[PDB]
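In what follows, a single structure is set out as structure tokens and then discussed.
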Ligand SMILES: Nc1ncnc2c1ncn2[C@@H]1O[C@H](COP(=O)(O)OP(=O)(O)O)[C@@H](O)[C@H]1O
Ligand SMILES: Nc1ncnc2c1ncn2[C@@H]1O[C@H](COP(=O)(O)OP(=O)(O)O)[C@@H](O)[C@H]1O
Ligand SMILES: [Cl-]
Ligand SMILES: [Cl-]
Ligand SMILES: [Cl-]
Ligand SMILES: [Cl-]
Ligand SMILES: [Cl-]
Ligand SMILES: [Cl-]
Ligand SMILES: [Mg+2]
Ligand SMILES: [Mg+2]
Ligand SMILES: [Zn+2]
Ligand SMILES: [Zn+2]
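Quick look at the structure:
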């Protein structure tokens, strides 16, 4: 950490304008005299005064700005303590700040200007050296003198020689002198689009960037970075023809920092915020939701409640004392073929605000996780995001998880538990966030597993994976004349076109907004009561087989129930509900 | 959306002819004075007045045309309200719209003209920049000046710098000045023939196309597109003779849009249409059709009825509430060695208007589905279409399905259920329509399975696949003296050269025409009576096994039957007949 508060104040009080006037001393004065609450700062001014500050404003905008406003405020109360009786705070507005362009939208209108790109590094060359001023010796018996070539002019990226010795005037052989030539650190790197911004199966576009001097080695392959610089056009075969008058685009980096991915939340309407605030009050809230989850289905009151809790999720707090505590809850539905599994998933996607519906079988290399791929056209490797990476921060409804890739099975455990996926290929080592909630459907290898034989050996999924699902609903279909009829009826109605009173009790769009608010602003805290009940339940159920991992889920489900409750506090009623669901699942395994 | 209605009217009221006259104001006036019902518009005129409209007419002809006609009509009733007592509608005719050429038929007579090709994108280069107008500096101590090069002339594709400085007149070294040079976005892409238009196992031809400025990135690899532009010739190695004076052909794009595949229907002569209604009123129509399916075989009344319903298909309806509903019905014939399966398929192929008879094993990489293949001569990948993709919108009579590729088993579930096949290879990700009805034959792993052993395990196809066939006819051949005798006769007869007595009971040609009509115009609506019968049956058959999948099939078969009725309303008779067959197939399992 460094103090940008003094450079900022120093910049305001000493920067010089077109007429050697203190541009900002005067602007701060008017602001005072007219009781204004914003100071308009030009980016180029700061950039020219102190590059470090300029870039801190670009790379750490959200943290640095509030500090600068505070420093400006204190500075103002110093000029006039009275300002405070009229204004509580000041706003600094930086105009002229480099546009943020998505890598794949770079056009000719951007060449020559200062912009900023977001991406991931996939290649770095070793540090080399560039000549920005040479010294040649005119090997000639009458001459043999030396001189700095590009006179009053930096050498070109292409290397140019002196046709006519400027010391002797006569041509000849020029033998570059290294000892007296000046050098600058150079490094070529390649950055690709952020995996999340690329359509499944598609190759992520790439861009060449040049780091020089102090920027050399600011990052390593596999790093997510924010690069700011000027784009220009180049050619591998310079100043000559070749195939045309077509040029490649590359950036001359000015600043580069490793960054963190920023999920973009959904717009909250204070109108909606209260609307939701209203439903929360409602008493049959918990049940409407479950009943709104997937109407085009008869019953499954419990199964629907599972999905419901999954959508809201648990605490999800990662802290020092005990590192990461995952709040996302995963739900798996194993069942007899034709029991609506593959169906129910698809239905939730239609409710999906931030989801991805996909199956255990993929046609893309990434699949359900991620992977490094080779790009024939560029010859370099790149990272492609599978479903869990694309679904980060959201939901990933996985169907036929039974038929999942070999590559997927390997890294699958990491994504569900660690909530990340690490990739190592070529010189690339990157860790992508897979903070996503999972709801998958699975079938037993041969078909109905209803046979007294255990349910889990019948499914093509290692018991290691199973232990990772907070709730697993073993499903079987036994005909109960009435129920079959019920299902039939339901199906016949759905098949017959429109006119179907199969609408969610609660409103979908309004529910989406419901959940989001629910995951962003509400963070349930464990209750004393819950703690007691669950604890007793745990010993009880174990006295019955169970694992501490189940306990892990228990707490998560409780938190979830409470999040729909938005208390935000857990309550015995909560826990109870949580354990209730959990037991129903266990008696289910008994088939 | 944009409204082309005002631009259109604007074009009519303001366009200017060769003699500054309002060309169209006068054409509209004569149309009025002479009570004409068609306005002739020249494509070139529209194109020169407003490119967006010109291309909307080219890319969205079917939708845009009626709108323009409507707008012209109103413009007309405005000039003369009376025009309406003599004419109801006006037609706009666009003379001069670019011709639509099949990629493989491009010839020298097309170079230089505006045409339109239909294809699928397979490669896209990253966005580059092209100099259309440069700025050059004369590196020379006496000159050192600047100047835009191609004077009054755009820089050519190839880079050409002045031999003699136009400022000083004296030759020397020239240094490009990027900052003062003007750039235009550039992109090279490769388009291939529509998979459907390419013979099995054959490589689809390709074409280089150049996108510039705002056409850059109008699509991605894997996309079906409609490109409009001018073809020209190029040499990868400019101005120098390579191997000969032969040139490649590429297109300079003017317009490119992602398109949808357009199946072309059969032409119903209103005579055939009336004939059709007469046939429909007929008494033994259902049985007529079955007897006409394949007389060259005796019996198999139910099998012939199955095939029959498969051709007419179910409702097939894609809508939001329950997204995609599949109407195509799939039939599978499992049997003993020598029970006539292979023969029957091929016989139904003879009646095939929109079908592809083909075996389970293929010698082509595509096979039954599709696949990305590599082309050695061009070095790029391409998409090839298998039987289900070529048969889209039609039928695919598969024989010996038992013997199918590894790649096939993988993606076939998609084809039968989703009626699509997705492919991901290199930077290509495409989804090809596979809306095709399947009728296959299959043999048991080794032989006769009469054994008490369950039929399906003996045929090499995962139960997952079988569950996708609405009707499966397990066949077995027992002697029963007389019947064998019947077959002998048939075969012996079939050996006579001309016209063995039995043949289509109903006119084949007329039948094809029949089905097509049925499928296009008929859309049977489920019926109350049907609803209850089927429901009561669902519960009944489940009382002794059965699945909801059986339900969605039952409903489709009903619709099909009613479709041959052409009501279009299902009836109690429907379901009844539908379930009748369904039962027969089930009793058949017991072997
Ligand atoms: N309770 C139910 N509510 C609505 N539809 C049901 C229900 N039970 C079964 N179905 C039917 O089951 C069908 C889906 O079966 P499916 O989920 O594809 O089996 P699987 O999961 O093994 O692939 C749907 O078309 C639906 O009509
Ligand atoms: N009902 C039938 N009508 C006409 N021909 C039949 C009939 N049943 C059997 N055949 C004879 O069976 C032969 C075809 O046997 P085939 O279908 O090739 O056995 P598979 O299906 O195992 O390959 C034909 O040449 C045909 O003469
Ligand atoms: Cl921006
Ligand atoms: Cl800008
Ligand atoms: Cl990330
Ligand atoms: Cl045409
Ligand atoms: Cl022409
Ligand atoms: Cl298609
Ligand atoms: Mg399924
Ligand atoms: Mg055969
Ligand atoms: Zn010299
Ligand atoms: Zn000159």
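Residue numbers (the working numbering), protein chains in the order written: chain A, 1 to 591; chain B, 592 to 1182.
A virtual CB, placed ideally from N, CA and C, is assigned to each residue, including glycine.
Reduced DSSP category for residue i - H, G, I as helix; E, B as strand; rest coil
i: residue 413 of chain A; result: helix
i: residue 50 of chain A; result: coil
i: residue 510 of chain A; result: helix
i: residue 1189 of chain B; result: For chain B, the structure presents residues 592 to 1182; residue 1189 of chain B sits outside this window and is missing.
i: residue 594 of chain B; result: coil
i: residue 658 of chain B; result: helix
i: residue 440 of chain A; result: strand
i: residue 30 of chain A; result: helix
i: residue 1073 of chain B; result: helix
i: residue 852 of chain B; result: coil
i: residue 490 of chain A; result: helix
i: residue 398 of chain A; result: strand
i: residue 348 of chain A; result: helix
i: residue 773 of chain B; result: strand
Nearest residue (CA-CA) to residue i, options the options
i: residue 966 of chain B; options: B/906, B/922, B/1030 and B/793; result: B/793
i: residue 1149 of chain B; options: B/1097, B/1061, B/1077 and B/1134; result: B/1061
i: residue 213 of chain A; options: A/466, A/489, A/252 and A/347; result: A/252
i: residue 714 of chain B; options: B/733, B/811 and B/618; result: B/811
i: residue 434 of chain A; options: A/447, A/414 and A/444; result: A/414
i: residue 199 of chain A; options: B/1021, B/760, B/850 and B/612; result: B/1021
i: residue 683 of chain B; options: B/658, B/677 and B/716; result: B/658
i: residue 680 of chain B; options: B/670, B/687, B/664 and B/692; result: B/664
i: residue 333 of chain A; options: A/305, A/36 and A/222; result: A/305
i: residue 30 of chain A; options: A/76, A/527 and A/158; result: A/76
i: residue 39 of chain A; options: A/23, A/455 and A/126; result: A/23
i: residue 774 of chain B; options: B/722, B/885 and B/874; result: B/722
i: residue 381 of chain A; options: A/428, A/12 and A/398; result: A/428
i: residue 272 of chain A; options: A/571, A/587, A/591 and A/511; result: A/511
i: residue 125 of chain A; options: A/398, A/447 and A/209; result: A/209
i: residue 1112 of chain B; options: B/867, B/778 and B/597; result: B/867
i: residue 257 of chain A; options: A/331, A/218 and A/248; result: A/218
i: residue 338 of chain A; options: B/710, B/699, B/696 and B/1138; result: B/1138
i: residue 318 of chain A; options: A/288, A/419, A/384 and A/335; result: A/419
Residue(s) in a DSSP beta bridge with residue i
i: residue 1024 of chain B; result: B/1011
i: residue 842 of chain B; result: B/800 and B/822
i: residue 374 of chain A; result: A/381
i: residue 997 of chain B; result: Note: residue 997 of chain B sits in no beta bridge, so no partner.
i: residue 873 of chain B; result: DSSP, once it has assigned bridges, lists no residue as partnering residue 873 of chain B.
i: residue 118 of chain A; result: A/226
i: residue 767 of chain B; result: B/727
Supposed close pair residue i, residue j - CB separation, criterion 8 Å
i: residue 569 of chain A; j: residue 524 of chain A; result: 6 Å
i: residue 400 of chain A; j: residue 361 of chain A; result: 6 Å
i: residue 978 of chain B; j: residue 1014 of chain B; result: Residue 978 of chain B to residue 1014 of chain B, Cβ: 15 Å. No contact.
i: residue 985 of chain B; j: residue 945 of chain B; result: 3 Å
i: residue 177 of chain A; j: residue 171 of chain A; result: The Cβ separation is near 18 Å, so there is no contact.
i: residue 752 of chain B; j: residue 765 of chain B; result: 5 Å
Check each residue's C-beta against every heavy atom of ligand 4 and list, in chain order, those closer than 6 Å. Going down the chain, each residue whose beta-carbon is closer than 6 Å to a heavy atom of ligand 4 shows up: A/99 and A/113.
Pocket of ligand 8 (residues with CB nearer than 5 Å to any heavy atom), chain order: B/852, B/1023 and B/1024
I need the residues with a C-beta less than 7 Å from some heavy atom of ligand 10; please give them in chain order. B/932, B/933, B/990, B/991, B/1032 and B/1034
Heavy atoms of ligand 12 versus C-beta positions, residues under 5 Å: B/729, B/734, B/756, B/758 and B/759
Against chain D, which members of the segment 792 to 806 of chain B pass a CB distance test of less than 7 Å? Going by chain labels, chain D is absent from the structure shown, which instead holds the protein chains A and B.
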